[PDB]
């Protein structure tokens, strides 16, 4: 049994109240309050991000785990927090996103933060059937969670196979969400995917403890197994913390407004 597995066995035996407590413990969280009430007054020029997403992506680019350049393609962009954010990046001159859409899933939200003009979001597109395009930096935040790990291991290997095909950039940029990185199939796939496209797994501190996801980013490295086991330790440790502090709230990002020339 991998340490990630005991982590799932444990998680699933918790209660609603202990569950809801565990997930947001000691993690970093942004204050959505402002954006929430900006949406109501129909304020699409406040510079407010459309989701908790953008903030997650920023934390990553800001540590230099990647450097978004040229045409940007986003897989499963939902509201568009990764797209609106990229449109505020120096070397990015076009953002394109694709999402499921339809009942149950989100629909891209059209706002006017800094650079919106450069982004095009198309909904009603199931990425697992869509043939590949050319992009300088690719992104993907897909991974439908389940109470079963065998199931996560699959939905992941699928995504990974869906990604490797879009991977025909050059010494390019990418950030891809890995739903279940602890099951052997995903570790064998990663190990190999690493040998071809470099990069590495990264646990994003903005994630909730109720998920073992990690981000394979082009500008990172490190023995995969090692990378995923360290995290498991963390998630396992946050369950037995005698003293419980809630989540730490950092300020939510502000993209600005207006358009970017030409």
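Numbering follows the first chain given and starts at 1.
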Between 208-216 and 40-48, the record assigns the higher mean Cα B factor to 40-48
With B-factors read from the PDB entry, the higher C-alpha mean of 145-153 and 183-191 is in 145-153
From 92, 121, 111, 163, the top C-alpha temperature factor is at 92
Here the Cα B-factor of residue 24, set against its chain, lands in the third termed lowest
Residue 30: CA B-factor among chain residues, third -> highest
Quick tally, chain-level thirds of C-alpha B-factors: residue 17 sits in the middle
Temperature factor at the Cα of residue 78, chain-ranked in thirds, falls in the middle
Residue 115: CA B-factor among chain residues, third -> middle
